[PDB]
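Here is the file upload03.pdb (PDB, C-alpha atoms and all ligand atoms).
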ATOM      1  CA  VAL A   3     -85.569-104.615-142.522  1.00  0.00           C
ATOM      2  CA  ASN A   4     -86.312-107.256-145.176  1.00  0.00           C
ATOM      3  CA  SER A   5     -88.410-110.409-145.571  1.00  0.00           C
ATOM      4  CA  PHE A   6     -85.646-113.031-145.379  1.00  0.00           C
ATOM      5  CA  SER A   7     -86.391-115.433-142.524  1.00  0.00           C
ATOM      6  CA  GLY A   8     -84.418-118.008-140.574  1.00  0.00           C
ATOM      7  CA  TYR A   9     -80.954-116.974-141.746  1.00  0.00           C
ATOM      8  CA  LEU A  10     -77.895-117.504-139.574  1.00  0.00           C
ATOM      9  CA  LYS A  11     -75.699-114.404-139.405  1.00  0.00           C
ATOM     10  CA  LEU A  12     -72.086-115.163-140.361  1.00  0.00           C
ATOM     11  CA  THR A  13     -70.666-111.618-140.510  1.00  0.00           C
ATOM     12  CA  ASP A  14     -71.819-108.019-140.605  1.00  0.00           C
ATOM     13  CA  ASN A  15     -73.119-108.497-144.159  1.00  0.00           C
ATOM     14  CA  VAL A  16     -73.242-112.267-144.905  1.00  0.00           C
ATOM     15  CA  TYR A  17     -76.150-114.518-143.892  1.00  0.00           C
ATOM     16  CA  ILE A  18     -76.744-118.213-144.633  1.00  0.00           C
ATOM     17  CA  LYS A  19     -79.549-120.782-144.626  1.00  0.00           C
ATOM     18  CA  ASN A  20     -79.949-124.434-145.607  1.00  0.00           C
ATOM     19  CA  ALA A  21     -82.475-123.856-148.377  1.00  0.00           C
ATOM     20  CA  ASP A  22     -83.243-124.216-152.074  1.00  0.00           C
ATOM     21  CA  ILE A  23     -82.595-120.825-153.713  1.00  0.00           C
ATOM     22  CA  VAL A  24     -85.612-121.401-155.974  1.00  0.00           C
ATOM     23  CA  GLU A  25     -87.975-121.820-153.016  1.00  0.00           C
ATOM     24  CA  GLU A  26     -86.361-118.879-151.222  1.00  0.00           C
ATOM     25  CA  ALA A  27     -86.899-116.721-154.316  1.00  0.00           C
ATOM     26  CA  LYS A  28     -90.538-117.765-154.752  1.00  0.00           C
ATOM     27  CA  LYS A  29     -91.304-116.921-151.116  1.00  0.00           C
ATOM     28  CA  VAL A  30     -89.286-113.722-150.695  1.00  0.00           C
ATOM     29  CA  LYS A  31     -89.445-112.312-154.247  1.00  0.00           C
ATOM     30  CA  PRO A  32     -86.185-110.420-153.608  1.00  0.00           C
ATOM     31  CA  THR A  33     -84.928-107.496-155.629  1.00  0.00           C
ATOM     32  CA  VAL A  34     -81.995-109.581-156.917  1.00  0.00           C
ATOM     33  CA  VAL A  35     -81.517-113.331-157.201  1.00  0.00           C
ATOM     34  CA  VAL A  36     -78.097-114.572-158.341  1.00  0.00           C
ATOM     35  CA  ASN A  37     -77.860-117.367-160.910  1.00  0.00           C
ATOM     36  CA  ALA A  38     -74.774-119.585-161.009  1.00  0.00           C
ATOM     37  CA  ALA A  39     -74.416-119.303-164.776  1.00  0.00           C
ATOM     38  CA  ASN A  40     -72.073-120.490-167.494  1.00  0.00           C
ATOM     39  CA  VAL A  41     -70.667-118.166-170.149  1.00  0.00           C
ATOM     40  CA  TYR A  42     -73.361-119.212-172.683  1.00  0.00           C
ATOM     41  CA  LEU A  43     -76.329-118.645-170.337  1.00  0.00           C
ATOM     42  CA  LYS A  44     -77.345-122.250-171.064  1.00  0.00           C
ATOM     43  CA  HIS A  45     -79.400-123.051-167.961  1.00  0.00           C
ATOM     44  CA  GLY A  46     -79.228-126.826-167.806  1.00  0.00           C
ATOM     45  CA  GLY A  47     -78.845-128.020-164.232  1.00  0.00           C
ATOM     46  CA  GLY A  48     -78.103-127.037-160.673  1.00  0.00           C
ATOM     47  CA  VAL A  49     -79.145-123.527-159.696  1.00  0.00           C
ATOM     48  CA  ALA A  50     -79.553-122.368-163.295  1.00  0.00           C
ATOM     49  CA  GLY A  51     -81.615-125.291-164.548  1.00  0.00           C
ATOM     50  CA  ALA A  52     -83.852-125.107-161.476  1.00  0.00           C
ATOM     51  CA  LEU A  53     -84.345-121.327-161.663  1.00  0.00           C
ATOM     52  CA  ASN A  54     -85.091-121.527-165.363  1.00  0.00           C
ATOM     53  CA  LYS A  55     -87.614-124.345-164.888  1.00  0.00           C
ATOM     54  CA  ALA A  56     -89.354-122.229-162.251  1.00  0.00           C
ATOM     55  CA  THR A  57     -89.732-119.466-164.883  1.00  0.00           C
ATOM     56  CA  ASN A  58     -91.329-121.928-167.333  1.00  0.00           C
ATOM     57  CA  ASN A  59     -88.252-121.435-169.625  1.00  0.00           C
ATOM     58  CA  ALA A  60     -88.760-117.650-169.899  1.00  0.00           C
ATOM     59  CA  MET A  61     -85.286-117.136-168.397  1.00  0.00           C
ATOM     60  CA  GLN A  62     -83.757-119.246-171.185  1.00  0.00           C
ATOM     61  CA  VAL A  63     -85.695-117.394-173.912  1.00  0.00           C
ATOM     62  CA  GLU A  64     -84.526-114.035-172.555  1.00  0.00           C
ATOM     63  CA  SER A  65     -80.971-115.365-172.182  1.00  0.00           C
ATOM     64  CA  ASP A  66     -80.787-116.632-175.769  1.00  0.00           C
ATOM     65  CA  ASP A  67     -81.764-113.153-177.002  1.00  0.00           C
ATOM     66  CA  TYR A  68     -79.083-111.628-174.739  1.00  0.00           C
ATOM     67  CA  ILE A  69     -76.408-113.926-176.189  1.00  0.00           C
ATOM     68  CA  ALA A  70     -77.649-113.131-179.701  1.00  0.00           C
ATOM     69  CA  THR A  71     -77.236-109.383-179.058  1.00  0.00           C
ATOM     70  CA  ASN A  72     -74.116-109.358-176.872  1.00  0.00           C
ATOM     71  CA  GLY A  73     -72.222-112.636-177.200  1.00  0.00           C
ATOM     72  CA  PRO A  74     -71.058-114.704-174.227  1.00  0.00           C
ATOM     73  CA  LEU A  75     -70.032-113.575-170.777  1.00  0.00           C
ATOM     74  CA  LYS A  76     -66.503-113.772-169.414  1.00  0.00           C
ATOM     75  CA  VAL A  77     -65.608-116.257-166.715  1.00  0.00           C
ATOM     76  CA  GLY A  78     -65.780-114.069-163.608  1.00  0.00           C
ATOM     77  CA  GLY A  79     -68.302-111.763-165.304  1.00  0.00           C
ATOM     78  CA  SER A  80     -72.024-111.136-165.040  1.00  0.00           C
ATOM     79  CA  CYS A  81     -75.090-109.579-166.596  1.00  0.00           C
ATOM     80  CA  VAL A  82     -78.372-108.280-165.168  1.00  0.00           C
ATOM     81  CA  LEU A  83     -81.546-109.691-166.724  1.00  0.00           C
ATOM     82  CA  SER A  84     -85.144-110.043-165.584  1.00  0.00           C
ATOM     83  CA  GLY A  85     -86.035-112.033-162.485  1.00  0.00           C
ATOM     84  CA  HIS A  86     -89.337-113.177-164.055  1.00  0.00           C
ATOM     85  CA  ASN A  87     -91.734-114.635-161.456  1.00  0.00           C
ATOM     86  CA  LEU A  88     -88.914-115.178-158.941  1.00  0.00           C
ATOM     87  CA  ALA A  89     -87.373-111.742-158.313  1.00  0.00           C
ATOM     88  CA  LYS A  90     -87.242-108.276-159.810  1.00  0.00           C
ATOM     89  CA  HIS A  91     -83.842-108.977-161.400  1.00  0.00           C
ATOM     90  CA  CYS A  92     -81.539-111.928-161.948  1.00  0.00           C
ATOM     91  CA  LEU A  93     -77.790-111.328-161.736  1.00  0.00           C
ATOM     92  CA  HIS A  94     -76.234-114.100-163.856  1.00  0.00           C
ATOM     93  CA  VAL A  95     -72.706-114.647-162.510  1.00  0.00           C
ATOM     94  CA  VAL A  96     -70.093-116.994-163.990  1.00  0.00           C
ATOM     95  CA  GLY A  97     -67.703-118.549-161.509  1.00  0.00           C
ATOM     96  CA  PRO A  98     -64.706-120.527-162.756  1.00  0.00           C
ATOM     97  CA  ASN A  99     -65.286-124.154-163.726  1.00  0.00           C
ATOM     98  CA  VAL A 100     -62.313-125.890-162.113  1.00  0.00           C
ATOM     99  CA  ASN A 101     -63.289-129.070-163.962  1.00  0.00           C
ATOM    100  CA  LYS A 102     -62.709-127.039-167.161  1.00  0.00           C
ATOM    101  CA  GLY A 103     -59.240-126.000-165.976  1.00  0.00           C
ATOM    102  CA  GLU A 104     -60.438-122.464-165.230  1.00  0.00           C
ATOM    103  CA  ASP A 105     -58.480-120.383-162.726  1.00  0.00           C
ATOM    104  CA  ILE A 106     -59.834-120.534-159.174  1.00  0.00           C
ATOM    105  CA  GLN A 107     -58.667-116.935-158.712  1.00  0.00           C
ATOM    106  CA  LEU A 108     -61.577-115.978-160.967  1.00  0.00           C
ATOM    107  CA  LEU A 109     -63.931-116.894-158.112  1.00  0.00           C
ATOM    108  CA  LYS A 110     -63.044-113.623-156.379  1.00  0.00           C
ATOM    109  CA  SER A 111     -63.766-111.696-159.589  1.00  0.00           C
ATOM    110  CA  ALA A 112     -67.127-113.481-159.816  1.00  0.00           C
ATOM    111  CA  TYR A 113     -68.115-112.456-156.277  1.00  0.00           C
ATOM    112  CA  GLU A 114     -67.048-108.839-156.941  1.00  0.00           C
ATOM    113  CA  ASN A 115     -70.118-108.530-159.179  1.00  0.00           C
ATOM    114  CA  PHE A 116     -72.292-108.805-156.045  1.00  0.00           C
ATOM    115  CA  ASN A 117     -70.939-105.455-154.797  1.00  0.00           C
ATOM    116  CA  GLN A 118     -72.952-103.623-157.475  1.00  0.00           C
ATOM    117  CA  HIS A 119     -76.194-104.562-155.638  1.00  0.00           C
ATOM    118  CA  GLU A 120     -77.267-103.536-152.146  1.00  0.00           C
ATOM    119  CA  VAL A 121     -79.061-106.802-151.254  1.00  0.00           C
ATOM    120  CA  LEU A 122     -78.896-110.201-152.973  1.00  0.00           C
ATOM    121  CA  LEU A 123     -80.208-113.748-152.582  1.00  0.00           C
ATOM    122  CA  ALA A 124     -77.405-115.952-153.860  1.00  0.00           C
ATOM    123  CA  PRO A 125     -76.014-119.483-154.110  1.00  0.00           C
ATOM    124  CA  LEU A 126     -72.446-120.463-153.423  1.00  0.00           C
ATOM    125  CA  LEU A 127     -70.590-119.937-156.697  1.00  0.00           C
ATOM    126  CA  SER A 128     -68.461-122.518-158.530  1.00  0.00           C
ATOM    127  CA  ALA A 129     -69.829-125.570-156.726  1.00  0.00           C
ATOM    128  CA  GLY A 130     -71.683-128.392-158.448  1.00  0.00           C
ATOM    129  CA  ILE A 131     -70.401-129.158-161.929  1.00  0.00           C
ATOM    130  CA  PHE A 132     -67.794-126.397-161.613  1.00  0.00           C
ATOM    131  CA  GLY A 133     -65.968-128.485-159.034  1.00  0.00           C
ATOM    132  CA  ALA A 134     -64.817-125.879-156.508  1.00  0.00           C
ATOM    133  CA  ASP A 135     -64.825-126.771-152.823  1.00  0.00           C
ATOM    134  CA  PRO A 136     -67.856-125.002-151.282  1.00  0.00           C
ATOM    135  CA  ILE A 137     -65.861-124.394-148.082  1.00  0.00           C
ATOM    136  CA  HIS A 138     -63.464-122.314-150.173  1.00  0.00           C
ATOM    137  CA  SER A 139     -66.285-120.536-152.005  1.00  0.00           C
ATOM    138  CA  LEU A 140     -67.755-119.344-148.697  1.00  0.00           C
ATOM    139  CA  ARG A 141     -64.418-117.901-147.562  1.00  0.00           C
ATOM    140  CA  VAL A 142     -64.066-115.977-150.834  1.00  0.00           C
ATOM    141  CA  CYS A 143     -67.631-114.685-150.539  1.00  0.00           C
ATOM    142  CA  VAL A 144     -67.119-113.392-146.986  1.00  0.00           C
ATOM    143  CA  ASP A 145     -63.780-111.787-147.901  1.00  0.00           C
ATOM    144  CA  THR A 146     -65.042-110.197-151.166  1.00  0.00           C
ATOM    145  CA  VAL A 147     -68.710-109.208-150.890  1.00  0.00           C
ATOM    146  CA  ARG A 148     -69.389-106.021-148.925  1.00  0.00           C
ATOM    147  CA  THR A 149     -73.093-105.665-149.719  1.00  0.00           C
ATOM    148  CA  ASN A 150     -75.780-107.680-147.930  1.00  0.00           C
ATOM    149  CA  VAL A 151     -75.839-111.254-149.211  1.00  0.00           C
ATOM    150  CA  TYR A 152     -78.247-114.013-148.188  1.00  0.00           C
ATOM    151  CA  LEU A 153     -76.779-117.404-149.115  1.00  0.00           C
ATOM    152  CA  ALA A 154     -79.098-120.340-149.807  1.00  0.00           C
ATOM    153  CA  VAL A 155     -77.214-123.649-149.410  1.00  0.00           C
ATOM    154  CA  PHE A 156     -79.054-126.647-150.885  1.00  0.00           C
ATOM    155  CA  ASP A 157     -77.089-129.484-149.231  1.00  0.00           C
ATOM    156  CA  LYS A 158     -77.810-130.076-145.520  1.00  0.00           C
ATOM    157  CA  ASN A 159     -74.573-131.946-144.784  1.00  0.00           C
ATOM    158  CA  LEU A 160     -72.672-129.159-146.515  1.00  0.00           C
ATOM    159  CA  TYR A 161     -74.576-126.377-144.740  1.00  0.00           C
ATOM    160  CA  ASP A 162     -74.201-128.114-141.372  1.00  0.00           C
ATOM    161  CA  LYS A 163     -70.454-128.338-142.003  1.00  0.00           C
ATOM    162  CA  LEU A 164     -69.986-124.830-143.434  1.00  0.00           C
ATOM    163  CA  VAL A 165     -71.580-123.186-140.387  1.00  0.00           C
ATOM    164  CA  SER A 166     -69.630-125.437-137.992  1.00  0.00           C
ATOM    165  CA  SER A 167     -66.364-124.312-139.606  1.00  0.00           C
ATOM    166  CA  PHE A 168     -63.609-121.674-139.672  1.00  0.00           C
ATOM    167  CA  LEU A 169     -61.937-119.816-136.805  1.00  0.00           C
TER     168      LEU A 169
HETATM  169  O1  LIG A 201     -73.502-123.835-154.908  1.00  0.00           O
HETATM  170  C1  LIG A 201     -74.602-124.144-155.720  1.00  0.00           C
HETATM  171  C2  LIG A 201     -75.322-125.370-155.047  1.00  0.00           C
HETATM  172  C3  LIG A 201     -74.489-126.706-155.262  1.00  0.00           C
HETATM  173  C4  LIG A 201     -75.482-127.809-155.738  1.00  0.00           C
HETATM  174  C5  LIG A 201     -76.238-128.581-154.635  1.00  0.00           C
HETATM  175  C6  LIG A 201     -75.312-129.299-153.621  1.00  0.00           C
HETATM  176  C7  LIG A 201     -74.158-130.139-154.238  1.00  0.00           C
HETATM  177  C8  LIG A 201     -73.676-129.716-155.662  1.00  0.00           C
HETATM  178  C9  LIG A 201     -74.664-128.887-156.495  1.00  0.00           C
HETATM  179  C10 LIG A 201     -76.649-126.922-156.304  1.00  0.00           C
HETATM  180  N1  LIG A 201     -76.656-125.584-155.664  1.00  0.00           N
HETATM  181  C11 LIG A 201     -77.878-124.979-155.179  1.00  0.00           C
HETATM  182  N2  LIG A 201     -77.845-124.076-154.158  1.00  0.00           N
HETATM  183  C12 LIG A 201     -79.019-123.492-153.715  1.00  0.00           C
HETATM  184  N3  LIG A 201     -80.251-123.713-154.198  1.00  0.00           N
HETATM  185  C13 LIG A 201     -80.225-124.619-155.222  1.00  0.00           C
HETATM  186  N4  LIG A 201     -81.426-124.980-155.866  1.00  0.00           N
HETATM  187  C14 LIG A 201     -81.068-125.920-156.874  1.00  0.00           C
HETATM  188  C15 LIG A 201     -79.706-126.108-156.845  1.00  0.00           C
HETATM  189  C16 LIG A 201     -79.137-125.298-155.789  1.00  0.00           C
END

Would you write the structure of this file as structure tokens?
Amino acid sequence: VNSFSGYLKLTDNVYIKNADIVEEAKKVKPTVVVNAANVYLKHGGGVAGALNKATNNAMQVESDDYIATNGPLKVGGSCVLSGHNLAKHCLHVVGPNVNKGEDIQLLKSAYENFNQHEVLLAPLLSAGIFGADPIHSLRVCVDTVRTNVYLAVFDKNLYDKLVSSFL
């Protein structure tokens, strides 16, 4: 039993809500919040820019020190850093940027990182500036993640359509 509220159950382990992941994190303070990162951990916009702003830029400061020590992430890869005032931990995951020509197959690799954590609050990966169809990203998530994932979908029209979809 956890403190997530109002989620629609999609499968045994996948749940979804029309919500801003930042507000969900502030209210729930989950163990893990997923950031939709780029390989440089430059948190400019979308999920990453909004999460970082909610940490008063502490996420960016920590991330710059991580890059200085370790270099960039791989597309499809991840790292665990602090969750600051939003969560215990933040799992920074890099989905492929289809607008950069990056291979959509890397979206499955990106979601595989979620399986290292028992419970996560997460966005749909590779949407926004990365240009992947969120309908597709949900299918990959359901078919890849085996741990318990709570998906916060910002866009109402998109959420309304995602939950009214499939087979
Ligand atoms: O898949 C990531 C989605 C896609 C996005 C919004 C809808 C159209 C394109 C860009 C931003 N994302 C978010 N998802 C959940 N919480 C969020 N808080 C701030 C941003 C955000």

key: Selection near residue 67 (chain A), 12 Å with only C-alpha atoms, sequence-local residues under 6 positions removed, as number ranges by chain   = A: 42-44, 60-61, 73-74, 83

key: From A:76, A:158, A:141, A:110, residue lying nearest ligand LIG 201 (chain A) [all atoms listed in the file]   =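 Closest residue, counting all atoms listed in the file: A:158.
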
Residue among A:87, A:28, A:17, A:106 lying closest to residue 59 (chain A), counting all atoms listed in the file =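 For residue 59 (chain A), the nearest of the candidates is A:87.
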
inquiry  = Ranking A:165, A:10, A:16, A:27 by minimum distance to residue 90 (chain A) and counting all atoms listed in the file, which one comes first?
reply    =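 The closest residue to residue 90 (chain A) is A:27.
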
message = I'd like the interatomic distance between CA of residue 72 (chain A) and CA of residue 148 (chain A), to a tenth of an Å.
response = 28.5 Å

inquiry  = Here is a test: counting only C-alpha atoms and all ligand atoms, which residue of A:111, A:15, A:159, A:101 is nearest to ligand LIG 201 (chain A)?
reply    = A:159

key: atom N2 of ligand LIG 201 (chain A) to CA of residue 20 (chain A), straight-line distance in Å   =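 Result for CA of residue 20 (chain A) versus atom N2 of ligand LIG 201 (chain A): 8.8 Å, one decimal.
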
ask   = Which protein, DNA or RNA residues have an atom within 10 Å of ligand LIG 201 (chain A), counting only C-alpha atoms and all ligand atoms, as a PyMOL selection string?
value = chain A and resi 19-27+37-38+47-53+123-136+139-140+153-161

ask   = Written as a list in words, what is the full residue list that the PyMOL selection byres (((chain A and resi 115) around 10) and not hetatm) yields on the file shown?
value =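 When the PyMOL selection byres (((chain A and resi 115) around 10) and not hetatm) is applied, the selected residues are residues 78, 79, 80, 81, 93, 94, 95, 96, 110, 111, 112, 113, 114, 116, 117, 118, 119, 146 and 147 of chain A.
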
Listed atoms of region 53-72 of chain A boxed axis-aligned with 4 Å per side, centre + edges as lines of an AutoDock Vina configuration file:
center_x = -82.7
center_y = -116.9
center_z = -170.7
size_x = 25.2
size_y = 23.0
size_z = 26.0

ask   = CA of residue 36 (chain A) and CA of residue 105 (chain A), how far apart in Å?
value =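 Here the two named atoms are 20.9 Å from each other.
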
request  = Choose the residue, out of A:39, A:12, A:29, A:7, that has the smallest atom-to-atom separation from residue 166 (chain A); count only C-alpha atoms.
outcome  =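 Of all the options, A:12 lies closest to residue 166 (chain A).
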
request  = For each of A:82, A:137, A:35, A:89, take the minimum atom-to-atom distance to residue 167 (chain A), counting only C-alpha atoms, then give the residue where this is smallest.
outcome  =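 Among A:82, A:137, A:35, A:89, it is A:137 that comes nearest to residue 167 (chain A).
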